[PDB]
Structure formats: structure tokens, C-alpha cells
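As a starting point, one isolated chain is supplied in C-alpha cells, in the form deposited in one PDB entry.
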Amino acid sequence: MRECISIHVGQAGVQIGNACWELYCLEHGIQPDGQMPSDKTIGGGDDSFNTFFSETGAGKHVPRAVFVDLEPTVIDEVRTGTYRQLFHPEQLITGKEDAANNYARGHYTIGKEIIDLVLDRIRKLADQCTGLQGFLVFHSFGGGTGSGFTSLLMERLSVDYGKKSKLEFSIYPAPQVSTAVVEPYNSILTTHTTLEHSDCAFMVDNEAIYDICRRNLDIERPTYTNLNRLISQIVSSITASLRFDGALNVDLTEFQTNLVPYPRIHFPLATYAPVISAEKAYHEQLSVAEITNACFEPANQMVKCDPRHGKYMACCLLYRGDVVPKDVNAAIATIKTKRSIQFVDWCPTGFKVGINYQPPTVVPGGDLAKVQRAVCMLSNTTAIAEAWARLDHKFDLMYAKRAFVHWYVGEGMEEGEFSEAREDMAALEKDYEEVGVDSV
């Protein structure tokens, strides 16, 4: 089987998980109460849902999820809302205050009070899995919980499992928009766990998705629900190969083999090209060539970075719906003809291609329209380093005067660590400057 375990840390991760599990339940026909009516209607036994659900004897489906937060508010919302009966009752809350936006409180003092329960539940979920593929971790760099508890949890997972894949779907701080003063400290202190433990980290900033919603979907007042729905579409496109048949299936291991050239260069950028409103679903052909070209536009990137200021080291395209390989070949040839999309000289091939026959499913009340075709592009490029550099500058502006440092050192953290993580980030940036240089 092809099981994948999803972990949702913090408010951002939990709400992204709400969107993700809404999309999965609608994709597989599972009702919010866990009962799939196709078994009573058709008979069942000819469906593929083990990647995200487990069957009981009664016919109920339990998702393979671990909702964890250090406060009860968001998990209580999940436990009271529509999907109260879907998830297993074991959704972990610390019966205390949350991390309050600092890495130290969520890593050293409060995070170590519920770590054992989380690891025990993950052990129980992994024991039920016969063919476990990897982990999908959702959190936010800027949050206290999403940084500290994520670091602790990934340390424990690397110690225990090690060989299993771990994918990071994180929310990175934006260049200008922010919702906390101490975002740079939390994001910089998360460099170690997202560099040394994670195998492939997907980063997204709200500013880019806000711009996409404003321009593509024609929504002038978007909220976090739309952002979570887009991220859910991305994760669904990533994991579609494990769930449905296709002309060219691409699982997680093949994806990592094709996209990650060196062990440290594992921070690709994600893109969903054919995001359009129902009104603009007409007046557009949305053939494979147009969508593939739309993937490469710097405006459609979900991180505020310009790929034109860097070299595409690798790319993986994952198509869904009515797509033929020859159309994808023509699109890739058209892309390779272009001069503004520059590739490193040591990757002549460049493109990994996967195709799936299951088109995306539209959530009722959502923003995205019903489309015959879709594609998700995941590109390892050197431009992402710029998105880090801005953040580093912010960190310096706060660390010269040691602002807010007393809060961190008062929760079991040494002052020197602040420098060490920064140095690590700097080292990572240097690597992204050294891979892109042309060979002698």
C-alpha cells in the first residue's frame, strides 16, 4: 500500500489540514461523518484511498492525521465543526498556554510536555501502515509552536524513523506583510530542523497567494480559507500519483530523486498554474501549453522571489486530467526554446514529468473553477535564496540591540544559539550561490 501520514502543527497547520481533509473527503467520496455511500450503492472493494484513510469494520474511514497544537481553540473548533465525527478523538492539545510566539517556549519548556503523546500516536499510526511512504508536515516558520514544536518533533522522527521521507509544507514570513514582531527569530531558529532533518521543504508566503487571489481569482478580500484551499490543491496534486492511475506515475521517492541534486539543496518552489474564477473559466482554452507557460511566470510563484534572478536547477511537472504526453513534450520544447528561463549547464535534462487521469475536484463554495486540466510545478531554483536574504537582514536589525532576547533566554535557551543558527542560514545561502555558477 501507499500510506502517507500528515502532521499539522500550530494554528496555520491545523487550518491547512482542515482544507486538505475537506478536499480529500470530497475527492474520495467520503462524507464528513466518515461513511462513503459508494459501498452501499455500488458495493465497494474497487477504490484507492489508503494513502490518506484507514477502514474499520463498520465501513467508517479514519484519516491518517495528527492534529497537534499547544492551545485548545483551533482543535476545539475542529472538534465542534462539521468534521467532528471524521477524525479520531486523539487530537493532541497541551492543557496550558501556547508557545506565545517564541521558539524557546515551544521547543524546550512547553513543547516537551506533549511530545510523548504525539510520538505515541504517530507510532500507532505507522504500525497500522504496511507500505508507509513518508511524512507530510504542515506548520508555519513564524509561529512559536510551528517552529519550536516542529523542530522537536522532527528531531524525534529523524531519531526514530530516519529512512522515511519527511516533507515540509511550511508558511514562510513574507518580505513586508507580517503578523508578529518576532517572526525573524522564530524563522531563523527553524533553519536547523528544516535543513538537517527535512528531505524536501516547500515554502509559501501569504503575500504571493494574496496577489494570486487578487489577480487570478478576482477576490479583493481573500482570507486564510482561500490560501489553505490553494495549498490543499498543491498537496493533492503532489500525492495524486499514489492514489489514482496515470500514464506516468511519480511517487515521492522518484520525485526526490529527480528534484534534489545534492543533500542540502532541497527547497523547491511550488506553483498551481490554472487558478481561475468560474467567470474566466470561459474565454480561455486552458490547453497544456498555456498552463505550462503559466507555471513559469514570476507573478504566479507562491514565494515572493523572481526566478529570472536565478537558474532553474531542476523541475518536476505533475499534470492532472485530459493530458497526453506529446502535448507535454511540445510544451517542454517551447519552454526550452525561451531565453528568460535559464537552466544550469550541469542539468541538460531538466524536466521530470508525471501525468494523472484524475482531474481536480472543486469544493462547493470555493474559488477555483472546474477545469478539464491542471498541473502543479515544483522547481528547485537558486532564486529562493533571495527570499532568505531579506529575512536575514530583518534578523540583524533586531539582533544588534538584542531586542526581545530576554524572552527567549528566559525559557531555557542560550544566547549563543541565536548566532549559530544565523551562521547556518548564511552557509546555506552560500551553497545556493555556489551551485549556480557555471563549470570551468
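So that the term is clear: the rigid core is the largest set of C-alpha atoms that superpose within 1.5 Å between two forms. Throughout, we count residues from 1 along the sequence that is shown. Shifts are known only where both forms have a C-alpha.
Omitted here: the form deposited in another entry. The next part is about that form.
Only one of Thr193, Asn101, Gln301, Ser140 has its Cα shifted by 2 Å or more between the shown form and the other one after fitting on the core, and that residue is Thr193. Remark: with the core as the superposition reference, the CA shift of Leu92 between the shown form and the other one reaches 2 Å or more. In the other form, the Cα positions of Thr109 and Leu92 lie at least 3 Å farther from each other than in the form displayed. Cα-Cα spacing of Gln91 to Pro72 is enlarged in the other form versus the present form (difference of at least 3 Å). Relative to the superposed core, shifted segments between the shown form and the other one, defined as three or more consecutive residues with every Cα moved by 2 Å or more, span 91 to 95, 192 to 194.
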